[PDB]
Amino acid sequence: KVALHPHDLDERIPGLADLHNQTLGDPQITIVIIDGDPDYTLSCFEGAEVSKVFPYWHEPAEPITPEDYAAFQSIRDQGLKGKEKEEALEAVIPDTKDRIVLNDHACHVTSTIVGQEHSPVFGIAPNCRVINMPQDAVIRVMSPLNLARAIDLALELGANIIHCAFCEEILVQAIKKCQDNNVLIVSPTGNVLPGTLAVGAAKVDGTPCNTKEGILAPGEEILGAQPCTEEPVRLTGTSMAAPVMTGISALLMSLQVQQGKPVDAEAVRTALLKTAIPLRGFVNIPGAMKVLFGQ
């Protein structure tokens, strides 16, 4: 009845309003986002506990001009597809388009998780601690070696949740170390490991746009930030559903802290998966709250 903190996805995600009534996150919960380089000048990140840690083993990349970002956004807003989209990107931003895809993705994903209330993008968990670990410098990104190194560093930075927008034996063992150290890994199914929460995209009506340890969440028309403008945009894809689950998972962990319970990543992951309404099903916050908190 009364959403104390009205959120865009309240109607599409039962129990989100009620969960928001109880927490908007806790700064003791750290989320490390392994993605591109987000734009922290956006007002949705003002007052947010956000910081960038660039992996020390990357060569820093030259900053991308606002004009290049605007070119990419114009091409999206015209709704160009297929061969014509690619010919348009190649015509105007051939050297920078691949980095921009990553950086733009990072703005959107970070805004979905931690965007401040009453800004243009209100995130799921605006009071959690968020560290961005940009990877765009490596584009000259799906490399398993580099992701393993990035995951090891994210663990050392104190991650409770690692959001990997890109998730070889070395990577498999880095994921395993996260599980052994009670750190949740969240990644999209795409458009493979225990203790990973794999996320698929649901349409606006809740149907689907991996199956054993996956969950579906809203992935269509998700409101988020884009670089160099205060104007938000709605995007669609499995990598749009993943950040919704990262935020939800962070809220549930935040509630464990607020109730004086130890952070328990595996309890949160298994509660989500076992209560999902037929991957394993659509996210079911009311069921998860019952399993975790007796609500």
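Note that residue numbering begins at 1 and tracks the sequence as displayed.
- Gap between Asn191 and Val192: 10 or more deposited residues without coordinates.
- The modelled chain breaks after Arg140 and resumes at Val141, leaving 4 to 9 residues of the deposited sequence without coordinates.
- Remark: stretch with higher mean C-alpha B factor among 73-81 and 199-207 is 199-207.
- As the entry records it, the average C-alpha temperature factor is higher for 85-93, out of 85-93 and 109-117.
- In this structure the maximum Cα B-factor among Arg149, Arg129, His163, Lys212 is found at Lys212.
- The maximum CA B-factor among the listed residues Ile124, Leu184, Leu155, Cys167, taken from the PDB record, is found at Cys167.
- The entry lists a Cα temperature factor for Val283 that places it in the lowest third of the chain's modelled residues.
- Placement of the Cα temperature factor of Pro134 within the chain: lowest third of the modelled residues, per the deposited record.
- For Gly219, the recorded CA temperature factor ranks within the middle third of the chain's modelled residues.
- In the deposited entry, the Cα temperature factor of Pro63 sits in the top third of values across the chain's modelled residues.
- Annotation for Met240: CA B-factor lies in the middle third of the chain's modelled residues.
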